[PDB]
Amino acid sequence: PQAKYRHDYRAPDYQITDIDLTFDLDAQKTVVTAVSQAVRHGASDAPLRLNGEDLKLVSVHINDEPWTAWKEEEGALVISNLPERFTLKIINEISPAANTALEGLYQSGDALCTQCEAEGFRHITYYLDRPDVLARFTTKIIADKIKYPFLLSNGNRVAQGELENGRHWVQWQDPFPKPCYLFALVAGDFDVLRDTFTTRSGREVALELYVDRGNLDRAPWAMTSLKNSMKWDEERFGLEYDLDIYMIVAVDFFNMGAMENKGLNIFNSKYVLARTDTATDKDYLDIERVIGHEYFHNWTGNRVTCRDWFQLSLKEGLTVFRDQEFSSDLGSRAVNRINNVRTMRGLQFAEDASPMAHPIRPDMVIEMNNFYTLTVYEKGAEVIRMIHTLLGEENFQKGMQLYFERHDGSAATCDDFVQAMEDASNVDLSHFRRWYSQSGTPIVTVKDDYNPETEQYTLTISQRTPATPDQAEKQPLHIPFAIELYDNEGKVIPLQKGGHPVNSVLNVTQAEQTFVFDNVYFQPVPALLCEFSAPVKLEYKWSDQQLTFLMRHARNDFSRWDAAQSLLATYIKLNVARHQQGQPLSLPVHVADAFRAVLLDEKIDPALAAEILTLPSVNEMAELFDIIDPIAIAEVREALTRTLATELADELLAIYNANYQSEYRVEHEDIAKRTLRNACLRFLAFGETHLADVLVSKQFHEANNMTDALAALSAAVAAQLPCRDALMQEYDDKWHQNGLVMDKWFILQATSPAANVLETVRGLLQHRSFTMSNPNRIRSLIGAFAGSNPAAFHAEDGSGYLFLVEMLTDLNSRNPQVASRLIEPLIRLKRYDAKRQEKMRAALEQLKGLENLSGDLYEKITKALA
C-alpha cells in the first residue's frame, strides 16, 4: 500500500472524450459494456493504463479488433501499441450482491445504486479513474422490469425500450463532460415526489425525489429545501441550475451523507426523510444544509471540478462555505457560526494535532477516502471565509465570477481558485496561500497596553504554529485578526491612527508585530478574533469581568457566546485539576451570576441564549488540556451542570415555562425558543430528583414533536433519572421498525453515563433494530460509543479498546471506509496518560497484524504507531 504525492502530478497520457456504457443489470452478475473514445496526448509509445478493481474481464477491443497487446496487473489493465485516436471497447462483469464495502455498484435493500467518489468507478469498469479526465457519458440500463421499474442515470432520457422475458431498458445522456466520480446509476422500485422549480431566467426544472415505497409522507421538507437552495444560489451567487431535471434518490445504505452526482444526487436517507414525529429541528436543518451542499456542488465541484484528489478542498471547502452561508442567511447566522466554531475548536483542532494531521491541500495520500476530513471540509471552509473576510462580499463574488469564467468545464486546482480571487479583487494572496500547504493550528498571543498620557492602545500580537507529525517546518501565516474596542459604557471606540481610520481586520502576517490605535479616550475592553476570524487558538489574559462585560455588551452575538466560552474555560480547567485530586467543584458566585443574567435578559435572542446555556461538549473540553483525562472531563461536565441547575433553579424553571409553545412549527423563531426551553430542561434534569423526574417524564409523554420528546429522553439518560428505563423501552416499542429514528436511541445508549454502558452497547449488537451491514447503525451505536463517550471508551481496564478492536476486525473486511472513521479515537493515543497509551498501542498493534488489512486502516495505524 504505496503513498502518492501531490508533487508527482502529471497530465494524463490519454484522454477519454466520450463513453457509452451499457449495463445488463442483475444483483449476482452485472455485465458492463463500455465504449470509450480515446485520444493520446502523451508519448507515442506510452501504454494506456486503465484502473480496475475486482472486475472480471470478458473482452478488449480497439476499433473492433480483439486486442492482444495488453496485460492485467495489480489494479490495472495496461494496453500497448495504440493509435493516436481510437475506440476502446471493454466488456466485464461485476457482482453487486457481493459488495459489502458499498463502493462502486452495490445493493441498498432491493435497489441497486452507486458510489463512485473518490475512486469507485474503477470497481465498475476499467477506466481512467482520475478527475482530470472528463468525458461525455451516455448510459443504457437493461434490467428486469418488475424488480427495477425505475432505471436512472445522469442527465436526460434519450431512449427506452422493452425486451423479451420481462426486461426493459432506458438510455440517458448527460451533455456535460464529467470525471467518472460523478457518474451514478440507480435501479429499483420507488415512490417519487415530483415538483418544479423555475429559474430566474425562466428555465423550468423538473424536480424528482425517489424514496422507498411508503416514505412519501417524509419527502416534502427535502423538496422544499431543494427549491430553497436553488433560489438562494441565484440570489447570493447568481448561479442557476443547468439541466432540465434534478433527481435525488434517498437510499438507506450509504457510506457518506450524500453525493453530488450530476443531475442524480444519491443521499443517505438520514439527510432526506423528515416528519415532525420522526425528526428533530436539528434533523430538519441538517437536511436543509446537506440538500444545499449537494446542490451547491453543481457549480463548485461539477461545472468546475478537481484536477487531482489533492485538490479536494477546492470543492469541499468552498461548498461547505456555501452551505454555511445558505444556512446562515436563511436561519440564525449566530447559531450557525457558533456551531461551526464548536466543530473547529473541538474536533478539527484535535485532528490538526493528531498523527493524521494534514494541510487542507494534502501532500501525501495512501487511501484518498481517508481524506474526507474535518480539515479538508471545516478548516477548508474557514480558509475560504478568510478570503471572504479579506476581500469583502463584493470582491469575493468578483472572484467567484472570474473563477467560473476561467475554469468552467475544466478540472482546476486550489491555486487556480486563489489566483482568481487575487486577480479579481486586487488583494495580494501570495502569503495567504501558505494556509493551503501548512498543517497545524496557529496560536495567536495578544498583549495590550493602554497609555492614558497619549490616549493610545497598543496590541502586541505574536503567532506560531507548533510542529506537527507530518511537517517539521512551520512559518507565519497571513492571519486576518478582527477586533472591536469597547468603552466603559459598551460603545464601540473608532479605530484610527494618525488621523485616519484603521480597518478592524488586522493583518497579522509576522511572528510578532504591534498595532497602535490613537484617540482611544478610555481604557478599552477588546473583543478579539471577532466572528472567529481565523482558525487559530487565542492566548489573551482575560479578566472574568472583561468577559462578563462582553457577554452584556458585545455588538455581535457571536462575541457574547465566545466571551462565555472563555469564562467557562478557566473554570473547566480549574475543576478538572481539582477532580484529579479528589476535590469537588468550585465556581465563583459571579460566574454563576453571569449565566443568571443571560437567562433573565429579555433583549437577548433566545437562539443566542440557548447556545450560551449549552456547555462545551466533552470533545470541546478535551482541547483545553495538554493531556486528556476523559473521566475527569465527564465528571466535571456533570458537576458543573448540577451546580448551575441548583444555583439557577428558579430562573431555569421560569424560562422553561415561558418558552412553552403549543403549536409545533419548523420555523427559525420557534426553533430558537425550543432550543432555549430544552437547554433549560437539561439543567432542570439535574436538579432535585423528584421534580426532575416529573418534568422530564411529562415532556416525553406530552410532546407533539420529536424535538421535545428526544430532549426529554436524552435528559432522562444524562441524569440517570428513575423514569429512564421505562421511557427508553417505550421508544424502542414504538419506533424499533424505523432505523433512522432508532439511531437517536442507539446514540443515547452509547453516550450513557451509566456504569454498565459497555455491557449495554455490546448487548445491543443483537438488538432487532441494529445491523452490522448498515453504516448508519454502526455509526449510531459503535461510533457514538468510541467518539462521543470517551469516558467509557477510555475505561481504565481497557475494555473500550478491546471492544473497538473486535468491531474493527469485522469492519476492516466488511466496510473499510466505515472502519476507518471508527478507528479515529484510537489514533489519538498520545494525548492520553501512559497506561492508556500502552493499551491503545497494543490494540493498534493487534489491528496492524490483521490478515488482509485494508489500505484505509493501514494508513491510520502506521501514522499512530510512529
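Start at 1 and count along the sequence shown; that's the residue number.
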| property | result |
| --- | --- |
| 41-49 set against 56-64, stretch whose average Cα temperature factor tops the other in the entry | 41-49 |
| 309-317 or 554-562, whichever carries the higher mean Cα B-factor | 554-562 |
| Candidate set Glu288, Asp242, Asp217, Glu382 [ranked by C-alpha B-factor, highest] | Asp217 |
| Which of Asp352, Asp323, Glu611, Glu602 ranks first by CA B-factor in the deposited coordinates | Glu602 |
| Chain third (lowest, middle, highest) by recorded CA B-factor, residue given as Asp363 | middle |
| Chain-wide C-alpha B factor ranking for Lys147, given as lowest, middle or highest third | highest |
| Chain-wide C-alpha B factor ranking for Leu802, given as lowest, middle or highest third | highest |
| Chain-wide C-alpha B factor ranking for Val35, given as lowest, middle or highest third | lowest |
| Cα B factor band for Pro501 (lowest, middle or highest third within the chain) | highest |
